[PDB]
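**Q** Below: one structure in structure tokens.
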Amino acid sequence: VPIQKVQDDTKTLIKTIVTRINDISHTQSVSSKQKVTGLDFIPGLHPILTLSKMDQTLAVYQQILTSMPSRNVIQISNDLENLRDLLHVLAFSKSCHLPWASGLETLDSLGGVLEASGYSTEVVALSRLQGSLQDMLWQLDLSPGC
Amino acid sequence: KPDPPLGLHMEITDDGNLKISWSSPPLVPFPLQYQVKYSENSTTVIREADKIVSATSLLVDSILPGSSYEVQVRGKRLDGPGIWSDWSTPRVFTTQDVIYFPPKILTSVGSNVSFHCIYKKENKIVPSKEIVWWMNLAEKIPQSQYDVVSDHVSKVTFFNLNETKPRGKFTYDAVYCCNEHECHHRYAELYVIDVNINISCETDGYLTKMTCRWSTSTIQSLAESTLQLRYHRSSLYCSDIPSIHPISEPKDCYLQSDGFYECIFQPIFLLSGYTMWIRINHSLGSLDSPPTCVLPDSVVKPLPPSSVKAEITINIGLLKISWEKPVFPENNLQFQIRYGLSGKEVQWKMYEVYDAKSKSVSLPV
């Protein structure tokens with residue numbers, strides 16, 4: 001397994017997902033950093049220093065995206081799955097043992113927000129996903145560690 | 001007292017053995033032990049044999065040509081002092097005068113196929129030296145392919161087999177094994193059909209679904225043939241050598257107006273390699289096309305760049321051409337531009353831009 005090729009593919013996949021979110025017009029106008037109450041459970045911009053943190057973050061995002069009926073979102077979820085697999089193979093090439101992250105145990109609350117306000121949940125989840133991917137891409141050259 | 005066994009059937013295996021099968025009664029909740037009495041009657045040797053088996057099938061080795069097999073099966077409870085059931089209705093099977101094993105072979109182009117025969121002349125097995133093989137009663141098979149496995153059975157080996165051309169309605173080759181110059185009516189059927197089916201997959205401009213198209217030009221010559229696309233999804237990427245996987249999933253493909261079958265995968269996995277092939281399930285046998293593995297992230301078509309503006313620079317005299325990079329793919333990009341004089345026919349001059357970060361090019365005119 002070529003490490004460099006996997007890293008470059010990971011970069012391309014990240015940009016691809018970012019562009020996908022860019023296509024979604026309503027998400028672009030919404031501030032990524034801005035805090036909205038109730039969405040706090042979504043893993044937004046809070047320093048993601050390590051590979052295990054990245055894995056659990058992506059796992060939670062996949063779990064949240066799976067519940068929302070949208071064609072674009074399913075593809076994004078698949079890309080996130082591929083991204084996790086790429087991170088796992090990289091963690092193997094670095095001699096790290098990444099345990100397979102379960103999603104959030106605490107989804108019993110997410111149903112309420114999805115029912116009351118779908119629009120807020122979708123725009124926030126997408127914008128925070130884009131932000132999280134951007135810092136991950138920034139840090140991927142800094143020699144991330146486990 | 002259990003009911004007598006039903007559904008007594010006799011078939012011929014590919015190895016040249018007689019398989020006798022029967023169905024257990026549907027009202028016995030306990031396993032049954034069966035006694036089978038079978039008599040083989042030829043013009044010279046008459047044999048009777050009783051066999052006790054726990055299974056519902058029995059194998060008889062070296063079924064003799066031109067002989068009558070009479071079979072009766074009865075059952076008993078396996079555990080405890082059960083009562084023997086009444087004998088079933090006797091089944092009589094009459095064989096032919098020449099044995100080909102295996103009688104039929106379904107193979108592909110370039111494979112090696114071995115055919116074995118036993119020739120009977122007046123209830124006497126001809127030695128393998130006298131056996132001569134012919135193809136469709138047209139020409140004698142060369143003696144180099146002839147092999148004597150045993151004194152009773154002869155065989156022929158075919159290496160690097162080509163596709164059998166259709167001679168009228170018959171799409172197979174009839175291989176005859178004969179006693180010297182004089183030949184018999186029965187033969188062995190060789191079906192070499194074209195399984196080389198090219199499947200081309202393509203994703204949409206938004207990378208949401210993948211449509212795979214394949215043609216039916218080489219399979220129109222065979223009736224009663226069912227075609228099913230089988231695909232296996234790997235966890236990551238494609239292997240260097242695609243192969244048939246035992247665990248596979250069928251795909252619903254629909255025929256279009258152009259004669260191509262299209263199958264739409266929605267949703268699609270971008271970096272998961274799909275190994276696909278075509279399974280043709282004939283009346284006797286199933287064949288698989290050479291599998292091809294496709295990665296959707298590498299089949300990126302998408303829409304040509306938009307906002308293409310062609311202006312001419314003032315006081316410079318250079319044709320400035322600008323565009324906007326499409327949403328997909330996000331890899332480094334190269335561009336091909338044709339520019340010419342507008343008219344009924346445009347003489348297209350070609351230019352290539354290999355810079356990924358290039359959005360506007362100035363050219364002399």
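Chain labels follow the order of the structure tokens: the first chain is A, the next B, and so on; residue numbering restarts at 1 in every chain, and ligands are counted from 1 in their shown order.
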Up to 8 Å from chain B, what residues of chain A turn up? Count only C-alpha atoms and give them as a PDB file with C-alpha atoms, in the first residue's frame.

**A**
```pdb
ATOM      1  CA  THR A  12      -8.831  14.821  -3.334  1.00  0.00           C
ATOM      2  CA  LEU A  13     -11.753  13.128  -1.581  1.00  0.00           C
ATOM      3  CA  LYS A  15     -11.965  18.620  -1.661  1.00  0.00           C
ATOM      4  CA  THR A  16     -14.640  16.625  -3.489  1.00  0.00           C
ATOM      5  CA  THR A  19     -17.338  21.020  -3.382  1.00  0.00           C
ATOM      6  CA  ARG A  20     -20.433  18.849  -2.951  1.00  0.00           C
ATOM      7  CA  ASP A  23     -23.221  22.996  -4.568  1.00  0.00           C
ATOM      8  CA  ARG A  71     -30.062  12.086  -2.143  1.00  0.00           C
ATOM      9  CA  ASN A  72     -26.973  14.295  -1.873  1.00  0.00           C
ATOM     10  CA  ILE A  74     -26.387   9.613   1.120  1.00  0.00           C
ATOM     11  CA  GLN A  75     -23.490  10.072  -1.308  1.00  0.00           C
ATOM     12  CA  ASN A  78     -20.583   7.082   1.460  1.00  0.00           C
ATOM     13  CA  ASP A  79     -17.669   9.419   0.800  1.00  0.00           C
ATOM     14  CA  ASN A  82     -14.379   5.896   2.290  1.00  0.00           C
ATOM     15  CA  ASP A  85     -11.306   3.677   5.611  1.00  0.00           C
TER      16      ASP A  85
END
```

**Q** Using only C-alpha atoms, which protein or nucleic acid residues come within 9 Å of residue 334 (chain B)? Drop anything in the same chain fewer than 4 positions from it, and give the result as number ranges by chain.

**A** B: 352-356, 358

**Q** Export C-alpha atoms of the chosen residues as a PDB file, in the first residue's frame?

**A**
```pdb
ATOM      1  CA  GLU B 352      -4.321  21.973 -24.866  1.00  0.00           C
ATOM      2  CA  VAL B 353      -3.885  23.562 -21.433  1.00  0.00           C
ATOM      3  CA  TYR B 354      -2.114  21.305 -18.933  1.00  0.00           C
ATOM      4  CA  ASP B 355      -2.197  23.755 -16.000  1.00  0.00           C
ATOM      5  CA  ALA B 356      -4.718  22.819 -13.310  1.00  0.00           C
ATOM      6  CA  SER B 358      -5.647  27.846 -15.473  1.00  0.00           C
TER       7      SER B 358
END
```

**Q** For region 113-124 of chain A, list every protein, DNA or RNA residue within 7 Å, evaluated using only C-alpha atoms, and leave out those in the same chain fewer than 3 positions away; present the list as a list in words.

**A**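 Neighbouring residues, sequence-local ones excluded: residues 26, 27, 39, 110, 127 and 128 of chain A.
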
**Q** Output the selection as a PDB file, in the first residue's frame - N, CA and C atoms for each residue.

**A**
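Writing the result to out-v3.pdb gives the following:
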```pdb
ATOM      1  N   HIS A  26     -28.172  26.630  -0.012  1.00  0.00           N
ATOM      2  CA  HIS A  26     -28.581  27.140   1.299  1.00  0.00           C
ATOM      3  C   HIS A  26     -27.461  27.034   2.330  1.00  0.00           C
ATOM      4  N   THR A  27     -26.586  26.034   2.204  1.00  0.00           N
ATOM      5  CA  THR A  27     -25.516  25.853   3.182  1.00  0.00           C
ATOM      6  C   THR A  27     -24.467  26.955   3.068  1.00  0.00           C
ATOM      7  N   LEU A  39     -28.143  22.321  18.463  1.00  0.00           N
ATOM      8  CA  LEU A  39     -27.280  21.590  17.546  1.00  0.00           C
ATOM      9  C   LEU A  39     -25.940  21.231  18.178  1.00  0.00           C
ATOM     10  N   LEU A 110     -31.614  13.489  18.916  1.00  0.00           N
ATOM     11  CA  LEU A 110     -31.591  14.021  17.555  1.00  0.00           C
ATOM     12  C   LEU A 110     -32.947  13.949  16.865  1.00  0.00           C
ATOM     13  N   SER A 127     -22.775  22.643   7.181  1.00  0.00           N
ATOM     14  CA  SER A 127     -21.752  23.676   7.299  1.00  0.00           C
ATOM     15  C   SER A 127     -20.671  23.250   8.285  1.00  0.00           C
ATOM     16  N   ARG A 128     -21.065  22.597   9.385  1.00  0.00           N
ATOM     17  CA  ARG A 128     -20.065  22.145  10.339  1.00  0.00           C
ATOM     18  C   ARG A 128     -19.254  21.006   9.747  1.00  0.00           C
TER      19      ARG A 128
END
```

**Q** I'd like the neighbourhood of region 145-159 of chain B as a VMD selection string, where a residue qualifies if any of its atoms comes within 7 Å (using only C-alpha atoms), though same-chain residues fewer than 4 positions away should be ignored.

**A** chain B and resid 111 to 118 125 to 128 131

**Q** Would you pick out the contacts of residue 234 (chain B) at 9 Å or less, using only C-alpha atoms, so that residues sharing its chain but fewer than 3 positions from it are not included, and give the list as an MDAnalysis selection string?

**A** chainID B and resid 237:239 272:275

**Q** Identify which of the residues A:126, A:24, A:1, A:64 lies closest to residue 93 (chain A), counting only C-alpha atoms when measuring atom-to-atom distances.

**A** A:1

**Q** Here is a test: counting only C-alpha atoms, which residue of B:288, B:194, B:50, B:204 is nearest to residue 71 (chain B)?

**A**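 Once distances to residue 71 (chain B) are computed over only C-alpha atoms, the minimum belongs to B:50.
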
**Q** When distances are computed from only C-alpha atoms, which of A:83, A:94, A:61, A:55 shows the smallest separation from residue 143 (chain A)?

**A**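 Among the listed residues, the smallest separation from residue 143 (chain A) belongs to A:94.
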
**Q** So that I can check the surroundings of region 179-184 of chain B, please list as a list in words every protein, DNA and RNA residue that reaches within 9 Å of it, counting only C-alpha atoms and ignoring chain neighbours fewer than 6 positions away.

**A**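 Near neighbours after the sequence-gap exclusion: residues 98, 119, 120, 121, 126, 130, 131, 132, 133, 134 and 137 of chain B.
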
**Q** Could you check which of B:107, B:43, B:228, B:216 is closest to residue 260 (chain B), using only C-alpha atoms?

**A** B:216

**Q** Please measure the separation of CA of residue 95 (chain B) and CA of residue 16 (chain B), giving the value in Å to one decimal.

**A**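 Here the two named atoms are 12.0 Å from each other.
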
**Q** Counting only C-alpha atoms, figure out which residue out of A:109, A:95, A:77, A:34 gets nearest to residue 59 (chain A).

**A**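 So, comparing all the options, the nearest one is A:77.
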